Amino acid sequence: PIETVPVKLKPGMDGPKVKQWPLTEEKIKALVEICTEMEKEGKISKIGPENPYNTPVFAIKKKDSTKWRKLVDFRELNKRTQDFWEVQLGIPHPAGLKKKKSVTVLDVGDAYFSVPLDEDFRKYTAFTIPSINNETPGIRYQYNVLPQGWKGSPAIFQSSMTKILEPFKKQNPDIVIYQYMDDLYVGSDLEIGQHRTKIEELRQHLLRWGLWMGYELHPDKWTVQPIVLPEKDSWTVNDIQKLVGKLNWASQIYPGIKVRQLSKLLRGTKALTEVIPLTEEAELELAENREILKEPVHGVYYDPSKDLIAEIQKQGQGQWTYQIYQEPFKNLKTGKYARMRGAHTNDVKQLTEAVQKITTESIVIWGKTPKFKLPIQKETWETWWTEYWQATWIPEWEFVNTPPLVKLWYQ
């Protein structure tokens, strides 16, 4: 008996038409059970071929979770409804969330099933369930309530959500609460003990309105990976050539970098393994360049109107470096991950884990998901990435093949 908020696509664009990729047995059996149940609870209803729209669907298991979770790739639908959740019903991003000692994430996607969807918009939430060996044709459904993973869901539920959070925000005013998609980020400077208790106070505060999860973050302990130069006491021709090449590449970020006195050490046609003494003018150009890498880059600042972009570099031995930027060489943040799950055995699992950590960090700091430049072939990624996804959102990505140049981000 709730009134539906009218929603429309952005002008001059049709709904998503993305084919369903093949799914494993454990995934298809999980979607059937969920979908029949959601059909029995009236959340979804079967449709037919007259609906030309479709969106891929698969299932996941969150970190240390045994129950399956239905996930829809509405990235194409969200691109095609961007004016709604940014212009009309936008959500402000608290700049203090990233400064909290502990931030916890809570899946609140079950609440969106309480609000009906606009009748004219249900046509675009269509999806297809495949069968193993194509035993039966695609069993299609469409959403009759607010779908999980749609950018328009937290915007419609925003008015309802704020009213639920007001009794808790009043008792706890110093607590920061942000909502992105199907997740709720709660950050506090409290001690780790009384922090988790306040989480349970909220959890029971949301259970009484008709709604459980747990993943802790510590944004104050997030570090950045600077560009560092080796501290060798004996330098060979090759060492100086690698040093000049790396300093030359770093000059695009710190204009103050100079390689004039070091290039003078590379005048003759010398053997690579030959030891070269550092001149006095070079030892100072080396020490001055080390200080410029300690200074922050001039003129870097976040722009809310620009899309985030993230690049990831595989450094081997379980090492992965990343940089987030909006304009090239103006990196808003750099970093490095090591020892993730699947280290030393699986690179797709590590690459999948790295994207999730990076995206999670981008949500805490700016409230946006970056478009990734993944260091992997397109066919390799599209085959395995679903087997390691443990998150309710899906960032955008593209595939690059940049041969290692020099080791700019890792020693």
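Start at 1 and count along the sequence shown; that's the residue number. For clarity, a rigid core is taken as the largest C-alpha set superposing within 1.5 Å between two forms.
Q: Taking the root mean square of C-alpha distances over all structures and residues in 6 other deposited structures of this protein, with a rigid core superposition, name the larger of 55-63 and 346-354.
A: The more displaced stretch in 6 other deposited structures of this protein turns out to be 55-63.
Q: With everything overlaid on the rigid core, name the stretch, 143-151 or 219-227, whose CA atoms wander farther on average in 6 other deposited structures of this protein.
A: Greater root mean square C-alpha distance in 6 other deposited structures of this protein: 219-227.
Q: Looking across the other entries that model both neighbours, is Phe127 missing in at least a third?
A: Result for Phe127: never missing in the compared entries.
Q: Should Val105 be counted as unmodelled in at least a third of the other PDB entries compared?
A: Across the compared entries, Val105 is modelled every time.
Q: For the stretch from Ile129 to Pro130, please bin the deposited residues that the model skips: none, 1 to 3, 4 to 9, or 10 or more.
A: Per the record, no deposited residues are absent between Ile129 and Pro130.
Q: Once you work out the mean C-alpha B-factor for both 162-170 and 139-147 from the entry, which is higher?
A: Averaging CA B-factors over each stretch, the winner is 162-170.
Q: According to the deposited model, is the average Cα temperature factor higher in 248-256 or in 198-206?
A: Higher mean C-alpha B-factor: 198-206.
Q: From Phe74, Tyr302, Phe157, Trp85, which pick has the Cα B-factor that tops the rest in the entry?
A: The record points to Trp85.
Q: Per the entry's Cα B factor values, which of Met181, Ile91, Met340, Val275 stands out as the maximum?
A: Checking the PDB record, the top C-alpha B-factor among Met181, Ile91, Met340, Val275 is at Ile91.
Q: Relative to the other modelled residues in the chain, which third contains the C-alpha temperature factor of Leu332: lowest, middle or highest?
A: Its C-alpha B-factor, which the entry lists for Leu332, ranks in the lowest third among residues of this chain.
Q: Going by the entry, which third of its chain does the Cα temperature factor of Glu311 land in?
A: For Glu311, whose C-alpha B-factor we compare with every modelled residue in the chain, the answer is the lowest third.
Q: Could you tell me which third, lowest, middle or highest, the C-alpha B-factor of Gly96 occupies within its chain?
A: Middle third, going by the recorded CA B-factors of the chain.
Q: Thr352: which third of its chain by C-alpha temperature factor?
A: Lowest third.
Q: Based on the deposited C-alpha B factors for this chain, I'd like to know if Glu396 is in the lowest, middle or highest third.
A: According to the entry, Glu396 has a C-alpha B-factor in the chain's lowest third.
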